[PDB]
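Engineer: Protein chains in written order, with the entry's author numbering: chain A, 100 to 272; chain B, 215 to 272; chain C, 100 to 157; chain D, 57 to 111.
Ideal Cβ placement from N, Cα and C applies to all residues, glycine included.
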Amino acid sequence: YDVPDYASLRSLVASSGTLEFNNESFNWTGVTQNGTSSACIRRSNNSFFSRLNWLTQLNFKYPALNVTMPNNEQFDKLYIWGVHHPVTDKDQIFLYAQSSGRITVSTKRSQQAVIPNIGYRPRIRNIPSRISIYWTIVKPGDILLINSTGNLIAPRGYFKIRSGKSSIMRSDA
Amino acid sequence: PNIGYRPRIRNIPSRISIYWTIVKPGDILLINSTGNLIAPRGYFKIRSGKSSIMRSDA
Amino acid sequence: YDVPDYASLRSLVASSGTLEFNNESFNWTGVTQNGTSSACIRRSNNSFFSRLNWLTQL
Amino acid sequence: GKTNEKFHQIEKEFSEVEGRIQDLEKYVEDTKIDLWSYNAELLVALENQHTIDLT
Ligand SMILES: *[C@@H]1O[C@H](CO)[C@@H](O[C@@H]2O[C@H](CO)[C@@H](O[C@@H]3O[C@H](CO[C@H]4O[C@H](CO)[C@@H](O)[C@H](O)[C@@H]4O)[C@@H](O)[C@H](O[C@H]4O[C@H](CO)[C@@H](O)[C@H](O)[C@@H]4O)[C@@H]3O)[C@H](O)[C@H]2NC(C)=O)[C@H](O)[C@H]1NC(C)=O
Ligand SMILES: *[C@@H]1O[C@H](CO)[C@@H](O[C@@H]2O[C@H](CO)[C@@H](O[C@@H]3O[C@H](CO[C@H]4O[C@H](CO)[C@@H](O)[C@H](O)[C@@H]4O)[C@@H](O)[C@H](O[C@H]4O[C@H](CO)[C@@H](O)[C@H](O)[C@@H]4O)[C@@H]3O)[C@H](O)[C@H]2NC(C)=O)[C@H](O)[C@H]1NC(C)=O
Ligand SMILES: *[C@@H]1O[C@H](CO)[C@@H](O[C@@H]2O[C@H](CO)[C@@H](O[C@@H]3O[C@H](CO[C@H]4O[C@H](CO)[C@@H](O)[C@H](O)[C@@H]4O)[C@@H](O)[C@H](O[C@H]4O[C@H](CO)[C@@H](O)[C@H](O)[C@@H]4O)[C@@H]3O)[C@H](O)[C@H]2NC(C)=O)[C@H](O)[C@H]1NC(C)=O
Ligand SMILES: *[C@@H]1O[C@H](CO)[C@@H](O[C@@H]2O[C@H](CO)[C@@H](O[C@@H]3O[C@H](CO[C@H]4O[C@H](CO)[C@@H](O)[C@H](O)[C@@H]4O)[C@@H](O)[C@H](O[C@H]4O[C@H](CO)[C@@H](O)[C@H](O)[C@@H]4O)[C@@H]3O)[C@H](O)[C@H]2NC(C)=O)[C@H](O)[C@H]1NC(C)=O
Ligand SMILES: *[C@@H]1O[C@H](CO)[C@@H](O)[C@H](O)[C@H]1NC(C)=O
Ligand SMILES: *[C@@H]1O[C@H](CO)[C@@H](O)[C@H](O)[C@H]1NC(C)=O
Ligand SMILES: *[C@@H]1O[C@H](CO)[C@@H](O)[C@H](O)[C@H]1NC(C)=O
Ligand SMILES: *[C@@H]1O[C@H](CO)[C@@H](O)[C@H](O)[C@H]1NC(C)=O
Numbered sequence: 100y101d102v103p104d105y106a107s108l109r110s111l112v113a114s115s116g117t118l119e120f121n122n123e124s125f126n127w128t129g130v131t132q133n134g135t136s137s138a139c140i141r142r143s144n145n146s147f148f149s150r151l152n153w154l155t156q157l158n159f160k161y162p163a164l165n166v167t168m169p170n171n172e173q174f175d176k177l178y179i180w181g182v183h184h185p186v187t188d189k190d191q192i193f194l195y196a197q198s199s200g201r202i203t204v205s206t207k208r209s210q211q212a213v214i215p216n217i218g219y220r221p222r223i224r225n226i227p228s229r230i231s232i233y234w235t236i237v238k239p240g241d242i243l244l245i246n247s248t249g250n251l252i253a254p255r256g257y258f259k260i261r262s263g264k265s266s267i268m269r270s271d272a
Numbered sequence: 215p216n217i218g219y220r221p222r223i224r225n226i227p228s229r230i231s232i233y234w235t236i237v238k239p240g241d242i243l244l245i246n247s248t249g250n251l252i253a254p255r256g257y258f259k260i261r262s263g264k265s266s267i268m269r270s271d272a
Numbered sequence: 100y101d102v103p104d105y106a107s108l109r110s111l112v113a114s115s116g117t118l119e120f121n122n123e124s125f126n127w128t129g130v131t132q133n134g135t136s137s138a139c140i141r142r143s144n145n146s147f148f149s150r151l152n153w154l155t156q157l
Numbered sequence: 057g058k059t060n061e062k063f064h065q066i067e068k069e070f071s072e073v074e075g076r077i078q079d080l081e082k083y084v085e086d087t088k089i090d091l092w093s094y095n096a097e098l099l100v101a102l103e104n105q106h107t108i109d110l111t
């Protein structure tokens, strides 16, 4: 993976001091969820990140995903989603069945539009692809709308965020 | 432009992104587009002074 | 609307402290200017931002 | 009556949480406030020491 803004995500998560992950039931229809990879082994089995969801074509089809998730609670939500960049046009057609993907995650106050960039990268653990990870903060009363047509690493739920005295440290003591 | 859906505000699901351009004296502003352009109507005069902005309810 | 850099535009405009808008005659040919919207009402009529211009096909 | 005037400064209070830039502005403002708070304590305590001594 490769976070485009590593220091920004590392600061607000460390300042919250909590990882209370709550699962939310989305409506991913027409796609195959729970995609696994051979470079991320869990209990001698192929697995992925536990807080993300890899979406893959179903019966050589991939309908456009228009799934909303309103925030009716009284605290801010931190959604962690990702964009997967393939290596070749053959792998893009094999995985998402569309030669040009696009991901749009928008709220009432902000919008994020990330287009995948197919290309080669240096191999890490015999994998030449990369994943870019973005975060979205949803206010109370705001509505999270996720629209994409491929190459989307869907989130599994929201991360609770608060303000406290927590911080981060780099030491070997 | 990025075509896509957004949450509806005042029964409108579209968005407008706003950018600013500063033109120096002697510089030439060239605007080229083929669609989805919100054209400006004129320039805004800008100077340097003691002005500022403030958020209060007094 | 949605400004990609809200704090940058809000800072330089407030530091200037003036809004002397001057109209400039452009050359928008082949398009229909003065596009209006139903979500921005002015004097019980459909209108838009007074400092912008919406371009639509002709 | 020996004050100094400042017109335009950075934003010192924030509503939406941001990344590195918002953390830097909250640290520059906190550095100036704590340094001037110590300078006010040292100036008053030094002047009070001399005023009692001369009296
Ligand atoms: C565009 O340019 C890039 C350069 O960045 C090329 O990327 C290289 O591609 C080659 C071949 O595809 C890669 O080589 C592969 O490396 C894998 C990892 O190597 C480690 O593991 C092996 C053991 O498996 C060790 O021996 C090795 O020392 C490393 O520790 C290997 O697993 C691959 O093995 C394959 O070939 C061998 C024969 O040599 C077979 O026996 C295997 O079964 C398997 O098929 C392979 O060697 C290389 O790592 C890539 N990166 C770099 C930086 O070079 C792109 O390939 C190129 N584009 C095109 C279209 O060619
Ligand atoms: C945000 O979320 C929305 C909601 O899903 C998405 O909207 C869908 O986008 C997909 C994009 O692929 C649309 O699928 C395409 O629809 C086209 C519309 O054609 C219909 O209408 C015409 C009349 O205008 C009829 O004549 C025609 O028969 C259809 O009934 C199709 O033309 C497209 O066809 C393409 O795919 C087929 C394979 O299925 C190829 O054979 C074709 O050659 C062609 O390449 C395609 O089916 C879908 O219709 C949209 N839904 C709605 C409700 O509008 C947004 O895309 C999404 N935004 C983003 C950025 O992802
Ligand atoms: C992809 O996913 C997004 C989710 O973000 C969908 O967006 C929603 O779309 C629906 C329908 O298109 C929207 O619902 C509409 O809301 C409008 C505003 O609602 C306010 O005003 C009405 C009074 O007009 C109040 O009753 C209401 O409480 C709100 O205060 C309504 O004006 C619309 O009314 C239409 O339907 C009714 C019947 O229910 C008719 O009587 C009307 O004449 C009119 O035709 C409508 O209800 C909704 O707001 C959108 N956003 C969200 C966050 O849900 C996209 O539609 C979806 N893409 C596709 C292709 O489906
Ligand atoms: C910056 O500003 C410049 C100045 O206007 C813009 O340049 C124009 O760009 C448009 C883009 O659409 C050009 O329009 C296209 O011109 C093509 C050139 O074809 C001519 O030349 C060939 C020989 O090379 C002749 O054989 C042919 O008959 C033409 O005389 C056309 O092929 C295009 O056709 C497309 O549209 C028609 C519908 O009108 C379709 O039927 C076609 O299938 C095809 O899709 C089109 O007409 C225009 O020519 C450019 N002008 C100049 C002077 O170069 C830049 O685009 C602009 N930059 C940006 C980023 O906006
Ligand atoms: C999921 O989306 C499909 C769209 O075809 C819709 O029919 C279905 O009711 C949705 N399910 C839920 C739980 O929203
Ligand atoms: C995906 O896996 C999770 C747990 O790993 C499970 O709760 C969920 O039902 C699975 N979904 C599908 C479609 O298999
Ligand atoms: C506007 O552009 C057209 C291009 O067709 C040109 O003929 C005309 O002279 C221009 N008008 C002005 C005022 O520059
Ligand atoms: C657009 O409106 C302005 C004032 O609202 C007017 O001066 C201008 O002539 C109009 N242009 C067109 C093409 O109608």
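#1: Can you find at least 3 beta carbon pairs, one from the segment 232-239 of chain A and one from the segment 236-245 of chain B, that sit closer than 8 Å?
#2: In the structure shown, what three-state DSSP assignment does A:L154 receive?
#3: Go to C:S115, then tell me how far its beta strand (DSSP E) extends in each direction, as first and last residue.
#4: Residue range of the alpha helix (DSSP H) that D:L99 falls in?
#5: Who are the Cβ neighbours of B:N250 in its own chain at under 8 Å, not counting the five residues just before and after it?
#6: List the residues of chain B that C:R142 touches, going by C-beta distances under 7 Å, in chain order.
#7: When the Cα atoms are used, what is the spatial distance from A:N144 to C:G134?
#8: For C:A113, go through chain B and note every residue whose CB falls closer than 8 Å to its CB, in chain order.
#9: Just by C-beta distance, which residues in the segment 225-241 of chain B are closer than 9 Å to chain C?
#10: Can you name, in chain order, every residue of its own chain whose Cβ lies under 6 Å from the Cβ of A:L154, other than the five neighbours on each side?
#11: So D:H64 contacts chain C; which residues on that side make the cut at Cβ distance below 7 Å?
#12: In whole angstroms, give me the CA-to-CA distance for A:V204 and A:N246.
#13: Given this structure, state the Cα-to-Cα distance separating A:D190 from A:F125, to the nearest angstrom.
#14: Using C-beta distances below 7 Å, list every residue in its chain close to D:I66, excluding the 5 sequence neighbours before and after it, in chain order.
#15: Beta-carbon separation of residue 278 of chain A and A:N152 under 8 Å?
#16: Could you check where the alpha helix (DSSP H) with A:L194 kicks off and where it finishes?
#17: Would you check whether ligand 5 has a heavy atom nearer than 7 Å to the C-beta of A:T248?
#18: Taking 7 Å as the cut-off, is the C-beta of A:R222 nearer than that to any heavy atom in ligand 1?
#19: When you compare only the Cα positions, how much space is there between D:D90 and C:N121?
#20: Hey, which unbroken runs of the beta strand (DSSP E) at 3 residues or more fall wholly within the segment 122-186 of chain A?
#21: How would you label A:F258, buried or exposed, when you count the other beta carbons within 10 angstroms and need 16 or more for buried?
#22: Residue range of the beta strand (DSSP E) that A:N246 falls in?
#23: With a threshold of 8 Å between beta-carbons, can B:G218 be considered close to chain A, or not?
#24: Shorter than 7 Å, the distance from the beta carbon of C:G134 to the closest heavy atom of ligand 2, or not?
Structural biologist: Taking the coordinates as given:
#1: no
#2: coil
#3: Note, C:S115: premise wrong, no beta strand (DSSP E); alpha helix (DSSP H) at 105-115.
#4: 76-110
#5: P215
#6: Within chain B, no residue comes near C:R142; the closest Cβ sits about 18 Å away, beyond 7 Å.
#7: 59 Å
#8: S265, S266, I267
#9: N225, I226, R229, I230, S231, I232, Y233, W234, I236
#10: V130, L251, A253
#11: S114
#12: 6 Å
#13: 26 Å
#14: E81
#15: No answer is possible for residue 278 of chain A: it lies beyond the span of chain A, which begins at 100 and ends at 272.
#16: 188-195
#17: no
#18: yes
#19: 46 Å
#20: 136-140, 151-153, 164-169, 176-184
#21: buried
#22: 242-247
#23: yes
#24: no
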